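Have a look below at one chain only, the form solved without Nocardicin G (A1L1U), in structure tokens format.
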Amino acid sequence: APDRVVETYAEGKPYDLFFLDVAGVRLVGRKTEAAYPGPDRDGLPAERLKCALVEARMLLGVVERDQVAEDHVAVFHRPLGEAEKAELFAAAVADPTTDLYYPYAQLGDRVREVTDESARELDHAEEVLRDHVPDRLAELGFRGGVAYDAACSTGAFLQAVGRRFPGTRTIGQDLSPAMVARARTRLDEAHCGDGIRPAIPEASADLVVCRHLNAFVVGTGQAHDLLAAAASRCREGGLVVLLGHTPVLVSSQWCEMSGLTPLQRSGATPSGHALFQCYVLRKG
């Protein structure tokens, strides 16, 4: 018999309901505090953090049907055992094409600050991801060139990419001038301005990074406009990378309709204990 998971709009968090499309089977989970950056060691337990990471223990069951109503979102599912959760979660870790998405990230009222500690906070929450992406870009054929970060933040991420591919020109852009001030110490080039006004000519970058198309940063319409803005900077055959601390607001299906063929959709921690969103797309 099926079960129902609910997130109300007034005080619930619809953006915490994630879907995992594994092996033609859709699973539903509720994101909680994840073990960050790695799993609990033998004698030292890992710290918890609300971040991009999902783990098997946050899975709920096998999605049968949803019902989006006036004041809440409901997902009907058949519950999964703890061992069944881990095995299906492992199959998603073994397949980076697995989509991890949050279909209700723009529902509810909850979705409706640059300091020295605030820059350190987001840099820490993106660590498990700075460790993953540059190596994974090498395995996907990235050879270097011009790397464009449309919302570079401190610039630590794009700098990590430029370290992995020596000779890559790192060009950052951020809306916050406090962000740009820091990013100029880590990047060859950092511009102050909204991503909707890109600072580089079109089709001039071999890698475009988008970390701002996400819940609590932009709305749905804006995220799709900024996606078309950042991707217009990518040359043909180049790579577009979408990820984020908070749920990405664009689907990989929309990217495919935009001519951005997904090469991978999610990534896992080296231990395999967690999954996160990591869309790597090839512009056609």
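The first residue of the shown sequence is 1; numbering continues from there.
Between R112 and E113, count the deposited residues left without coordinates and pick a bin: none, 1 to 3, 4 to 9, 10 or more.
In the deposited sequence, 4 to 9 residues between these two have no coordinates.
With reference to the PDB entry, specify whether the mean Cα temperature factor is higher for 37-45 or for 243-251.
37-45 has the higher mean C-alpha B-factor.
Stretch exceeding the other in mean C-alpha B-factor - 114-122, 101-109
Going by the record's values, the stretch with the higher mean is 114-122.
Sorting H72, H212, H191, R197 by Cα temperature factor from the record, which one lands on top?
When the deposited C-alpha B-factors of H72, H212, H191, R197 are compared, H72 is largest.
Relative C-alpha B-factor of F76, binned into the chain's lowest, middle or highest third
It falls in the middle third of the chain.
Is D135 in the lowest, middle or highest third of its chain when residues are ranked by C-alpha B-factor?
Its C-alpha B-factor belongs to the middle third of this chain's values.
Ranked against its chain, the third holding the CA B-factor of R233
Its C-alpha B-factor belongs to the middle third of this chain's values.
When the modelled residues of the chain are sorted by Cα temperature factor, does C51 land in the lowest, middle or highest third?
Within its chain, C51 is a highest-third residue by C-alpha B-factor, going by the deposited values.
Would the CA B-factor of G272 place it in the lowest, middle or highest third of its chain?
Middle third - that is where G272 ends up once the chain's C-alpha B-factors are sorted.
Beyond what is shown, the protein has a form deposited with Nocardicin G (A1L1U) bound; the following relates to that form.
For the chain shown here without its partner, which stretch in 85-93, 69-77, 158-166, 209-217 has non-hydrogen atoms within 4.5 angstroms of Nocardicin G (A1L1U) in the bound PDB entry?
It is 209-217 that comes within 4.5 Å of the partner.
Look up in the bound PDB entry whether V250 has a non-hydrogen atom within 4.5 angstroms of Nocardicin G (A1L1U), and give yes or no.
Output for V250 is no: heavy atoms all beyond 4.5 Å of Nocardicin G (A1L1U).
Contact of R235 with Nocardicin G (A1L1U) in the bound PDB entry (heavy atom, 4.5 Å):
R235: no contact with Nocardicin G (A1L1U) in the bound PDB entry.
Answer with yes or no whether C51 is in contact with Nocardicin G (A1L1U) in the bound PDB entry, where contact means some heavy atom within 4.5 Å.
Yes.
Any chance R57 has a heavy atom within 4.5 Å of Nocardicin G (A1L1U) in the bound PDB entry?
Looking in the bound PDB entry, residue contacts with Nocardicin G (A1L1U) do not include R57, since no heavy atom lies within 4.5 Å.
Between the options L140, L122, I200, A181, which residue brings a heavy atom to within 4.5 Å of Nocardicin G (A1L1U) in the bound PDB entry?
Of the listed residues, the single hit is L122.
Do any residues of 231-247 have a non-hydrogen atom within 4.5 angstroms of Nocardicin G (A1L1U) in the bound PDB entry? If so, which ones, in sequence order?
Going through 231-247 in order - heavy atoms within 4.5 Å of Nocardicin G (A1L1U) in the bound PDB entry - the hits are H245, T246, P247.
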